[PDB]
Amino acid sequence: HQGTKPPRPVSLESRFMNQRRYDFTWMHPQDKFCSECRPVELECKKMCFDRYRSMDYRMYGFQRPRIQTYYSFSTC
Amino acid sequence: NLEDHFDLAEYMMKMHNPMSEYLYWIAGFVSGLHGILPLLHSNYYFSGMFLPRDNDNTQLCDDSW
Amino acid sequence: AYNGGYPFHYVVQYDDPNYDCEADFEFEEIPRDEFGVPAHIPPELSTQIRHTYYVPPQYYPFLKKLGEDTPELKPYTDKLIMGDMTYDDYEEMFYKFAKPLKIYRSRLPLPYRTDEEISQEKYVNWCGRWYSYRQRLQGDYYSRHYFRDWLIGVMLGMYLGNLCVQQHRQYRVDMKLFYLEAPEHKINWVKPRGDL
Amino acid sequence: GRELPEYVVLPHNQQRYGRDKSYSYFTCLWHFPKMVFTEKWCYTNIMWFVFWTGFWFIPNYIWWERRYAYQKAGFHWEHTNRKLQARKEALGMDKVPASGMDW
Amino acid sequence: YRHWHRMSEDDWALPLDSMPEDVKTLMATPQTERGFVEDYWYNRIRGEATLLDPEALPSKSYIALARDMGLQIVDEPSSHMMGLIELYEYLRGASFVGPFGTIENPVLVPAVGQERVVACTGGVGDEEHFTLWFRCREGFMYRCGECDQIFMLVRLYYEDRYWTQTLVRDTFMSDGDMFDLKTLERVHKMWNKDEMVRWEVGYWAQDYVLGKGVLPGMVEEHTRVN
Amino acid sequence: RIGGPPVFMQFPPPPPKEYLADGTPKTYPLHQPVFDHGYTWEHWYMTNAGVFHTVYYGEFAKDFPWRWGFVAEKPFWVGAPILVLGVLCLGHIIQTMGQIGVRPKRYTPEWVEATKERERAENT
Amino acid sequence: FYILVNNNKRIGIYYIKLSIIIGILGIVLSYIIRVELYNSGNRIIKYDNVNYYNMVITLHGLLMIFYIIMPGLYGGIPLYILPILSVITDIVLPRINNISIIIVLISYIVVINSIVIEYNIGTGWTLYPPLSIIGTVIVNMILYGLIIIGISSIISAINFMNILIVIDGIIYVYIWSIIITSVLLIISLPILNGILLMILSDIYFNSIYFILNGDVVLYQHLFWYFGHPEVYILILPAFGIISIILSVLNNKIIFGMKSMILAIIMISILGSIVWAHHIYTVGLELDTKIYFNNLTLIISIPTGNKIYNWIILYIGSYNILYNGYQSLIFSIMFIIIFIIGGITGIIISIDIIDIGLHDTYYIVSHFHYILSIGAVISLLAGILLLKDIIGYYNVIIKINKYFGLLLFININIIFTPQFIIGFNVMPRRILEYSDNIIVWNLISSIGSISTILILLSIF
Amino acid sequence: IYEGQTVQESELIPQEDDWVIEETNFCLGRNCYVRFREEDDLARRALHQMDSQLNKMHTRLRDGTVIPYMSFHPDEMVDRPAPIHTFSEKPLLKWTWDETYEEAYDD
Ligand SMILES: CCCCCCCCCCCCCCCCCC(=O)OC[C@H](COP(=O)([O-])OCC(O)COP(=O)([O-])OC[C@@H](COC(=O)CCCCCCCCCCCCCCCCC)OC(=O)CCCCCCCCCCCCCCCCC)OC(=O)CCCCCCCCCCCCCCCCC
Ligand code: HEA
Ligand code: HEA
Ligand SMILES: [O-][O-]
Ligand SMILES: [Cu+2]
Ligand SMILES: [K+]
Ligand SMILES: [Zn+2]
């Protein structure tokens, strides 16, 4: 079920939604990877890792299609 | 042993080295400085003076000194 | 009635003389209990079976001598001779003949006291009783005096409190006359200053 | 089992210790600094503490200063990016292979 | 006692590998010169030698039988000491409650040292008062300042030593006739024959008297791997 | 319990006494000074020594420095009142040293009158 | 050794020693505050450095509460006499006792280091959000200190509770006082930790509990659910000491021992359910306000019973015994002073009176009379009673009538005027004020400098 | 509440007409700071301190019994200053009851 979780509507940014006082850096106090992305926001991190790779900095993850990997639980 | 009967035997028997007392007082003195030194440093950092002159943030008479 | 009936310490027997429960990893040897009951016979059944101690017959004359010298011990020795003594019977015999250790006060050395001092024991007891009599009476006397005094404090605290009641009373009278008669009360007087 | 005498006569005849001399309120103001600068056991313990605390402070200090200067220059990826633009300028190529990869 | 933890295996019996290997000297050592392990195995070897000889038991007196098993015949001196020892041990983890103390019968306060802290709570009911703590030093008949309860310190002291079960046994028990090794051998052959050992302690003990490794299977019994 | 921490053990004898080469007993440091001053008063106080006893505790002037010997010699109600005023006066003096000659303009007569005008207008 | 020692009596001495050291920093901060408040203007803090004053008042409060009085009355005297009162050889948990004092020292070093290195800003000792969560890193450091202190407090509470399992005598009133404080800590600390973690989450983990649609009043509930139990965790050990001193020095058995014990238990239960009297002005519902006001006034009943039981202890005592000992004077002074603090507490308990007196110096004087005067004097009196047992010397305190008189007079000069300015009114946590409040502020300031001078005469 | 021990009139009857209340001083004596000799070393100053304990003192009555230094709490029972190890032998709190058993007596 989690491997094929249905897409959900993009959240409208309501009155008290997505409030930020400072960037997200508690996971990487010194490196400060993906300061704009949230700790487990996988799609934001993927695009952020792509920027770093385009800047000659290697990052791990978000490159193999799900159906071409083992244990994905997303194969037909 | 008789020397080990009392806790802190040297101090209780009045033979301890005075340096122990001096260190205790020095430690307290250093603790006190943690309230005064940052006061002076912060005053200078934001004003340029280590300590103010009484009522120098208000309008003063011409002859005030 | 302790530890669920499991004895903290118990004897186990093994048929093979060279068997070691820690070195060997075979799966055919069956351990026995102290009476020799194989482990595959459950406790509920084996505990019902009656087990009695069998001593070699050469001991019968000794067990007979014990009974005669101590007649209270004879019934237990007879059971042992006749092979009718269970573990419970042995326990009853064991605890029946256990006696407590005795302390003799006559053997205790005494703190030193002269014969002159020993003759004054009644006098000192007499003084102690009079001290307890005087103590008990004084308790009643003091309780009456001081708890009565506390009333003076109540009355002093009621007088001083009443002074503020009177001030408050006059205050309320004055307040009622402010908006009614006081020239200090002014209306159509304060004008807005306006923004600076 | 050890055998000891009731008393021992010392070789020297110096009465080094005894009752305190009468002291005033501010006696400590001169006695304490005197001990620090004149008693060996005191100033050898101070120098030992200062020397070794500073000794291990240096390697940490050097490492952090280099790290701090680096962090102010930019993020890790901003550094690798500057070396990538330089390599693109050296070759005159708009797009170059990523580091560790061939054309 | 309630304050003691669970019996050990050793509290019941000792392993035969703790038997002294010089049995000949062990059976000749005076009781005052035997240590705890040596005294355990002296009594067990000698006691089981007499118990495993049925034909001689009926003719043996209780005085002699008790000596062989290592049991001390009781007397008023030893009973007093043992009793005060057990009373001291009980008070280690138990409350101290008893009759009101008077000059004729002071409260007995056992101690090893020369002093023990004691509290007087007075009498029963309304005669009970708040705890009044005092230091009970030896040689003084103490009187509570409040209820006049008399106290006294009892010291478990004997000849530069305190009172222990070992001390009581050494001071009052007297060594009897020296143990005869012929009895050990005679009983050994009685219960141990043709590869059957019905006196394991006497098979090991006889082996040591023979010099260790002499009896069948004993070399294999003494060969260990770690 | 055999071989456990003993309930009681006797103190071993103290180490041998030390004499100087001339035979004078060797003295060791002692923080019980004999202060030098002219005061010799001796104050005694009945003290609780438990429930049924007391002890007559004495304080000797020579056991204290000069400052305490001087103060403790006088009657309490002679010294106490003077000391109370003195400490208060000193506190005010200390707090006045940093404001010598400071003349804020809001305490001048002109500003004092202007506040009175404001109070009249606002009926404060 | 020094740091390795596990002796419970040595550790008790360490707690008192550290409380005095940290106390020097506490008193210095208090002198800064009173100096500043001597007149209107800037005196020792620049107008551009007003953030320092906010930090001074914040650290003063935190240090005196958690690093001085609590380590002194719940760590110092308790660790030294409790195992003796329980006729037990030593404390149940030896190794835990050692680490507790080390933890306190390490958290103190973190706090003072944060003064030196971090920017100096303040948010009160009550760390109300959102102000606490929009500050600089010094707030993060202070949070670490509190959490670390919480660890030491809870493990010490566990240590004292285990005495019930080993006590070989009678549970005296003092032992009951510590046990109940330990219970109050075991039940209140876990709630504090949770709310502190939420402050951290908003400071350091981008949480949103204290931004709109999240109720900031939530923090005040959880904080004060620990806050008020804390004020009784700080006073109950003092009550236990007062009972011992009065009974011993007057040679009189405690009267109503069971009522004393049951009064302490009652205060604890009630103190665990009255916290919102600190939140009267937020705008709570009428029925909530009435509940809390009603239960707050009930606490006076058990507290009153203890006071009167103490009075009869001193009444009737023998005249021949000298009554000028400093310990006896301090114990008596506690009754006289605590009644003042408690009565003013009942006044502020009425919420309508509280509207006028919230966040004013009347509240300051109220809790100073109980803590800065009552608790301090109780700790001094307890240490003084144990002077022979502890064995310290080189001070002139045991019989010093001048010190007691000067302290009592001058301490009242500081805080009695703070009750007056509460109806003037002078807000709390401010440094500048209107010129018409100088007189009373000046009088209190003269009192502060004088008290400090009297602290030098003991040596 | 505690009001002292109960007294029967028979116990207040003297054996002589001159009996009065014994006038024994319960003030232990005059004391001050324990004064150590300079000559004494650390071990011998420890012995000196142990010999100046007020809680080891008592008052001997006319019949030879002594009323000891007593305290409401055991805090006053340890040596002053407190030694490292205080209550090696467990202090005994004596409770009183009327129960008895035959083994304790002999006829
Ligand atoms: C509130 C206040 C008022 C209160 C009034 C009321 C009081 C009522 C009574 C209360 C009583 C409580 C109970 C008391 C029980 C006492 C028991 C006792 O005595 O125990 C024995 C115990 C130890 O005795 P012992 O058994 O002989 O111990 C032997 C040693 O173990 C072994 O001996 P050793 O010689 O081998 O020792 C080792 C020694 C070896 O020592 C040496 O070698 C010393 C050498 C000399 C050094 C001297 C200091 C130098 C400083 C230089 C500074 C330079 C600054 C330059 C600035 C330049 C600027 C331009 O030390 C060390 O190696 C380590 C020392 C560490 C501690 C000292 C730390 C100092 C401060 C450090 C600050 C650092 C800040 C860093 C910040 C960094 C930021 C990046 O006694 C003590 O420790 C002394 C206690 C003395 C006071 C007792 C209480 C008396 C009564 C109260 C008086 C009033 C006090 C008021 C508070 C103080 C005010 C200031
Ligand atoms: C140990 C310290 C301590 C103690 C014991 C108390 C005790 C009490 N406190 Fe507390 N209090 C504080 C420390 C303490 N307090 C602190 C530090 C603050 C401020 C924290 C902050 O805001 O930052 C505070 C704040 C505080 C407020 C907040 C006011 C405001 O925020 O505006 C209130 C009001 O309810 C209050 C009430 C009480 C009451 C009702 C008691 C009762 O316990 C008093 C009980 C005692 C008596 C009543 C006197 C003795 C009893 C009698 C003589 C019997 C006869 C009396 C009657 C019948 C009434 N306290
Ligand atoms: C128990 C804690 C404690 C103690 C002792 C004190 C003591 C003192 N405090 Fe207190 N104070 C607080 C806790 C305490 N304070 C708290 C919690 C606040 C509110 C914080 C906030 O607003 O955020 C506060 C606020 C506070 C303010 C308000 C500043 C403001 O917010 O605007 C002021 C000044 O007016 C002040 C002054 C003083 C003075 C002059 C003393 C004393 O100096 C008076 C003189 C007494 C002594 C100098 C003796 C003290 C000695 C010891 C404490 C050591 C004892 C150790 C042993 C006995 C071993 N305090
Ligand atoms: O807080 O009361
Ligand atoms: Cu409150
Ligand atoms: K100001
Ligand atoms: Zn009695």
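Residue numbering restarts at 1 for every chain, and letters A, B, ... go by the order of the sequence lines. For ligands, and for the atoms within them, numbers begin at 1 and follow the listed sequence.
Residues H:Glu3 and C:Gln135 have side chains that never bring a donor and an acceptor to within less than 3.5 angstrom of each other. Neither side chain, G:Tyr393 nor F:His31, offers a donor N or O lying under 3.5 Å from an acceptor on the other.
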Contacts table for ligand 1: protein N or O within a distance under 3.5 Å of ligand N or O, distances only.
unit_1, atom_1, unit_2, atom_2, d
ligand 1, 43 (O), D:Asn45, ND2, 3.3
ligand 1, 83 (O), G:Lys17, NZ, 3.2

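Proximity of the aromatic rings of G:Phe459 and D:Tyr25 is defined here by a centroid distance below 6.0 angstrom, and this criterion is met.
Listed for the G:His366 side chain is no donor-acceptor partner under 3.5 Å among the backbone atoms of G:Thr344. Of the possible donor and acceptor atoms, none in the side chain of H:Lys94 sits under 3.5 Å from a partner among the backbone N and O of E:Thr121.
Seen from the Zn ion (ligand 7), atom NE2 of E:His129 and atom SG of E:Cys144 lie 120° apart in angle, a value rounded to 10°. The ND1 atom of G:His228 and the NE2 atom of G:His277 subtend an angle of 90° at the Cu ion (ligand 5), given to the nearest 10 degrees.
Geometrically, G:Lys387 engages G:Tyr392 in a cation-pi contact defined by less than 6.0 Å to the ring centre and at most 45° from the axis. Because its NZ or CZ atom is not both nearer than 6.0 Å to the ring centre of B:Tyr11 and within 45° of the ring axis, H:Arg45 does not count as a cation-pi partner of that residue.
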